[PDB]
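What follows is a single structure, written as structure tokens, with notes after it.
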Amino acid sequence: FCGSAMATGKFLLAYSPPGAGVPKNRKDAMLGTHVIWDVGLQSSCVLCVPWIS
Amino acid sequence: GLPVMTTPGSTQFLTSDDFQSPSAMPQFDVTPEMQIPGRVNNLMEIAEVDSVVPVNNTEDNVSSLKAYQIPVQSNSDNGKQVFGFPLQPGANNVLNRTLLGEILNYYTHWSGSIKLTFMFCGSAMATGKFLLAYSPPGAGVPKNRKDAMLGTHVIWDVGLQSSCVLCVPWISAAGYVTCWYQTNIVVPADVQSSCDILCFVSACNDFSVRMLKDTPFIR
Amino acid sequence: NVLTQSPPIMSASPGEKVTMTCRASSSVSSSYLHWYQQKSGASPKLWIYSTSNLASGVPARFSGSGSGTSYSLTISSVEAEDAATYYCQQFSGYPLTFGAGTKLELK
Amino acid sequence: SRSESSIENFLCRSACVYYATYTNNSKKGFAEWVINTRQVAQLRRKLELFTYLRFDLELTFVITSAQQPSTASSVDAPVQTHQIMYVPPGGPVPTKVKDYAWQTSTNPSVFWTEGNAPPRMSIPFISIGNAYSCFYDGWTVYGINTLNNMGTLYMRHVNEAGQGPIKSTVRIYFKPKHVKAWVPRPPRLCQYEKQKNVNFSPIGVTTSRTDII
Amino acid sequence: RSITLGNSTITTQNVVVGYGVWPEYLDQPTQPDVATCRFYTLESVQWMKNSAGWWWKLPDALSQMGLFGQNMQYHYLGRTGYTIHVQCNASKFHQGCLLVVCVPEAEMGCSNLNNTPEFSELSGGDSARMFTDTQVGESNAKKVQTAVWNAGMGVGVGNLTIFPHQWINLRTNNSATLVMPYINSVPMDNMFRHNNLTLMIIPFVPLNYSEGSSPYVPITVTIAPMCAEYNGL
Amino acid sequence: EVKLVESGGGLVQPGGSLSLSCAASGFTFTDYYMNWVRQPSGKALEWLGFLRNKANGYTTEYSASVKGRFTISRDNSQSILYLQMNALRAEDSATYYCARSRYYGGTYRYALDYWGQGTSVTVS
């Protein structure tokens with residue numbers, strides 16, 4: 001997060017597996033695997049994910 | 001057979017007796033227990049928790065949530081009364097309907113001390129100072145900042161800590177918990193100045209009650 | 001709950017001190033009783049709110065008082081622009097009932 | 001002096017909860033009371049401080065009689081006798097004086113002549129659940145909780161009248177025993193409007209004063 | 001910090017636990033754990049200036065939330081515990097104070113003096129209901145009396161701190177955490193007919209800010225079921 | 001300044017329908033309670049119902065006599081206020097105002113400070 005030092009917020013980082021569709025809403029993005037990223041505490045969120053040919 | 005002789009007071013129904021009673025439904029095999037959390041063994045354990053005090057009644061905040069907040073603003077006068085309330089027991093005061101005062105209207109004799117927790121619910125950039133003068137029973141209410149300083153008091157700095165605890169006895173004049181402005185509320189730019197103060201009350205854990213009666217908070 | 005004002009018609013010369021009353025059938029709280037003033041053929045205007053506090057832009061001659069179930073509005077000195085109709089409002093339960101109305105005609 | 005605030009000394013008291021009349025000859029004179037805790041307003045407020053309770057019960061009836069105005073000609077009657085039937089939850093219920101439900105076998109009842117000590121009886125803790133529930137946020141109709149249902153009581157004469165009518169009153173007294181409480185709750189501020197539910201009208205928090213200082 | 005459960009992860013940094021007990025286990029029951037123990041983040045409510053309060057009914061707010069909404073319809077009985085995380089994010093120029101309480105068996109009262117409130121007005125399905133700061137009328141048929149100074153239960157709003165609570169003060173604190181065990185008379189109850197908890201959020205000292213700052217502070221509630229077990233074959 | 005205008009009045013048959021509209025200008029529209037007060041020809045006022053602000057969920061509280069016949073709502077895009085009338089009778093011939101409410105302390109006293117100029121509706 002390359003922003004100010006006084007600004008806060010929250011973000012979802014939803015990853016969908018191969019085969020499942022893209023989430024078209026916030027709620028069914030929450031039901032899949034996700035990481036909620038709070039900006040006010042930490043400013044860097046690491047997510048590990050497989051990639052195949 | 002065995003010769004007996006009945007005393008006076010034999011076939012009477014005392015409403016506060018204790019006798020063995022015949023069971024209506026024997027051989028019932030009653031339902032056993034289950035460990036339910038939060039068992040109350042004594043009614044003092046209800047009064048040990050802290051409750052907000054409606055210390056801002058003034059006839060138009062009683063039907064709102066502004067009954068619990070004390071308005072504090074940066075005025076121009078040095079030395080002024082923020083609030084003040086007597087500790088006269090039950091005589092329409094502010095500790096009447098609270099959770100401490102709702103148990104102690106069941107008994108007629110009680111004695112002990114009281115924790116009084118305050119809390120500054122304002123901004124994080126605002127500072128100030130407050131006196132918390134307590135007058136003992138018998139002495140008058142202080143009518144000035146100077147003779148409130150000569151009595152027993154606790155000076156409460158808002159910038160360092162945001163909660164000041166004061167312990168005080170309460171018996172069945174009875175005292176005053178008046179509070180005074182020491183300095184104004186110094187505040188930076190682009191911050192609001194009107195901050196509020198909450199007040200809490202509890203039981204100090206060594207106090208007893210006796211002689212149960214019924215409550216007057218009913219028709 | 002109903003409000004009955006008295007008198008319905010009331011006349012006063014300029015310079016005197018005059019008063020009107022507003023009586024309720026049941027007990028109405030002191031912070032929920034207001035006064036309005038409607039001139040001839042105009043929209044009404046708020047005059048006194050919470051039974052003793054002046055509105056914005058009202059002159060300081062008006063002052064309300066009273067408590068319990070009987071409230072009153074008294075004018076200290078009668079002038080030439082304060083000849084209109086005055087209503088009182090209440091709230092103990094829904095709905096909000098207005099008063100009958102006290103008309104003030106100049107002499 | 002910290003022991004009168006115990007739960008055993010706070011709730012184990014006696015309180016008049018019911019008061020009913022019944023005459024003998026009018027063919028619809030018999031009393032009725034569904035046993036609940038929400039009858040009188042003073043005992044109800046002391047029981048809604050907690051959420052789950054568990055107690056035995058002790059009932060004592062103070063039955064007296066009073067002679068109604070008969071016609072004439074030397075009214076004389078022997079001593080009267082009352083029958084106080086107790087119906088368990090889910091049993092037969094009478095509807096007239098002379099009925100089949102009075103002479104049944106599994107309804108424990110007491111018989112009492114006049115001029116003796118008043119007839120105490122004791123009801124144990126009858127429920128399927130492990131504790132009574134003073135509140136219930138849920139449907140069965142909303143907020144009913146059909147699990148804590150303790151039964152009903154019925155009173156009637158057993159003497160048939162020959163020359164003079166007699167009506168009688170009864171004051172059911174109420175006394176818990178071996179009380180256990182669980183989860184305390186803040187005391188009710190508003191008044192009590194209805195018996196079944198917890199409905200109310202909004203009220204101010206505290207009585208007022210003129211200023212803050 | 002950075003706790004994870006199932007396939008969900010939140011970030012934390014003081015926790016108050018129930019009535020002193022920790023949530024634990026006990027026909028025959030089954031215990032599913034790999035698919036229910038995760039953080040169901042409800043969506044965020046907005047705290048404005050003249051706000052009044054919010055409430056959620058607890059085994060009703062998760063009635064559509066994924067697999068926990070499927071095990072409520074397939075299995076008849078069940079018993080769970082909960083773990084609630086509340087955190088609102090404001091800057092250093094805002095001010096206010098919340099009260100986060102969790103009431104067990106919060107029976108509410110209707111506006112009409114004779115009826116009982118309907119189902120759609122007691123609990124919004126994964127949506128927060130709101131208190132009001134004025135009275136609710138008498139003339140409407142069946143709606144919840146939501147005067148906030150009586151908390152909808154006919155009780156004093158100040159004495160609500162006897163239940164397990166936690167203060168959120170924007171001067172020094174930011175978040176709250178509660179852990180609630182299963183409090184019921186029967187050892188296993190239905191999950192449709194009953195709502196054994198109620199999470200309430202009440203602003204005592206209202207929000208205030210200067211001109212220029214963002215005029216709302218969002219609140220985020222995150223619930224996670226703990227030690228759940230259902231009943232069936 | 002607070003500027004409230006309203007329009008939509010006129011003549012209408014008994015048993016018919018009519019929709020008024022009250023426009024607001026000069027303040028934040030999603031912050032204040034908006035009332036509706038009618039008045040007959042030189043008689044006492046009557047209160048109809050109000051609609052709460054955005055912080056309380058936009059609910060309505062009608063009076064007892066007009067419950068089910070009238071309908072108060074607002075438009076989401078611009079600052080305008082509606083009043084949908086149905087099943088008009090002969091006694092609904094009055095002069096309709098459009099008042100605002102405000103918070104005096106932090107409390108809500110039930111006063112009505114700023115009033116509209118008043119539209120008229122007759123039936124025959």
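Every read-out reported here was derived from the displayed coordinates using simple, explicitly stated rules and does not represent laboratory data. No Cβ is skipped: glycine too gets one built from the backbone with ideal geometry, and neighbour counts run over all protein chains shown.
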Legend entry - Karplus-derived 3J(HN,Hα), 6.51/-1.76/1.60, for each residue of segment D:30-43, Hz, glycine and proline x: 7, 7, 6, 7, 7, 6, 9, 9, 8, 8, 9, 7, 7, 6
Inset, instruction - Quick one: compute a quarter of the convex hull surface over the Cα atoms of chain F and quote it in nm². - result: 7.8
Legend entry - Under-5 Å amide H pairs with E:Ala147, H placed in peptide plane, nonlocal only: E:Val136, E:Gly152
Legend entry - Listed peptides D:28-36, A:21-29, B:192-200 by packing density, highest first (mean Cβ within 10 Å): B:192-200, D:28-36, A:21-29
Inset, instruction - Kindly list the residues of segment E:98-118 that lie in the label zone of D:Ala15, defined by a backbone N under 15 Å from the point 7 Å along the Cα-to-C-beta vector. - result: none
Legend entry - Estimated dipole of chain E in Debye, rounded to 20 [Cβ of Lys and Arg +1, of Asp and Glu -1, Cα centre]: 560
Legend entry - Cα-based Kirkwood hydrodynamic radius, chain D, one decimal, Å: 20.2
Legend entry - Per-selection Kirkwood Rh - the protein assembly as shown (Cα, Å, 1 d.p.): 32.6
Inset, instruction - For segment F:1-76, calculate the relative contact order in percent as a whole number, restricting contacts to Cα pairs under 8 Å that are 6 or more residues apart. - result: 20
Legend entry - Table column - 3J(HN,Hα) (Hz), segment E:40-55, Karplus curve with 6.51, -1.76, 1.60, x for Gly and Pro: 8, 7, 6, 7, 7, 9, 10, 9, 9, 5, 8, 8, 10, x, 9, 8
Inset, instruction - Could you tell me which of rounded, prolate or oblate describes segment E:69-137, using a ≥ b ≥ c as the square roots of the eigenvalues of the alpha-carbon gyration tensor, with rounded for a/c under 1.5 and, failing that, prolate when a/b is larger than b/c and oblate otherwise? - result: oblate
Inset, instruction - Within 10 Å, count the other beta carbons around each residue, average over each peptide in F:89-100, D:99-110, and list them highest first. - result: F:89-100, D:99-110
Legend entry - Amide H partners (placed H, <5 Å) of E:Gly96, local residues excluded: E:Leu170, E:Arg171
Inset, instruction - Please list the non-local residues whose amide H lies under 5 Å from the amide H of D:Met121, H modeled 1.01 Å from N, same-chain partners needing a gap of 5 or more. - result: D:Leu59
Legend entry - Approximate shape of segment E:66-181 as ellipsoid semi-axes (Cα gyration tensor, √5λ), whole Å, largest first: 27, 24, 14
Inset, instruction - Could you tell me the distance between the Cα centroids of segment A:1-27 and segment F:23-95, to the nearest Å? - result: 42
Legend entry - Whether chain C is rounded, prolate or oblate, judged on the alpha carbon gyration tensor where a/c under 1.5 counts as rounded: prolate
Inset, instruction - At q = 0.20 Å⁻¹, work out log10 I(q)/I(0) for segment B:100-219 with the Debye formula, treating every Cα as an identical point scatterer and leaving solvent out; two decimals please. - result: -1.12
Inset, instruction - Can you run the Rg to Rh ratio on chain E? Use alpha carbon positions and the Kirkwood inverse-distance Rh. - result: 0.97
Inset, instruction - Determine the shielding of peptide D:44-52 by partner chains: average, over its residues, the number of Cβ atoms on other chains within 10 angstrom of each Cβ. - result: 4
Inset, instruction - State the antiparallel share, in %, of DSSP beta bridges confined to segment F:3-123, rounding to the nearest 5. - result: 95
Inset, instruction - Using θ = phi - 60° and the Karplus relation 6.51 cos²θ - 1.76 cosθ + 1.60, list the HN-Hα couplings for segment E:6-13 in order, rounded to whole Hz, with x at every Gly or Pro. - result: x, 10, 9, 8, 10, 10, 10, 9
Inset, instruction - Might you report the magnitude of the Cβ-based charge dipole of the protein assembly as shown about its Cα centre, with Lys and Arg at +1 and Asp and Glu at -1, to the nearest 20 debye? - result: 1000
Legend entry - Mean-position separation - Cα centroids, segment C:1-48 and segment E:21-70, in angstrom: 55
Legend entry - chain B - charge dipole about Cα centre, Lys and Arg +1 at Cβ, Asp and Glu -1, debye rounded to 20: 720
Inset, instruction - Using label points projected 7 Å from each Cα along Cα→Cβ, tell me how many nm separate D:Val110 and F:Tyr103, to one decimal. - result: 6.1
Inset, instruction - Summarise the partner chain shielding of D:111-118 as one whole number: the mean count of Cβ atoms from other chains within 10 Å of each residue's Cβ. - result: 1
Legend entry - Average partner coverage of D:95-106, which counts Cβ from other chains inside 10 Å: 0
Inset, instruction - Count the DSSP beta bridges whose two residues both fall in the protein assembly as shown, then state the antiparallel fraction as a percent rounded to the nearest 5. - result: 95
Inset, instruction - Specify which residue in the list D:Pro202, D:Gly143, D:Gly90 is farthest towards the positive end of the charge dipole of chain D, using unit charges on the beta carbon of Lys, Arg (+1) and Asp, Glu (-1), about the Cα centre. - result: D:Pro202
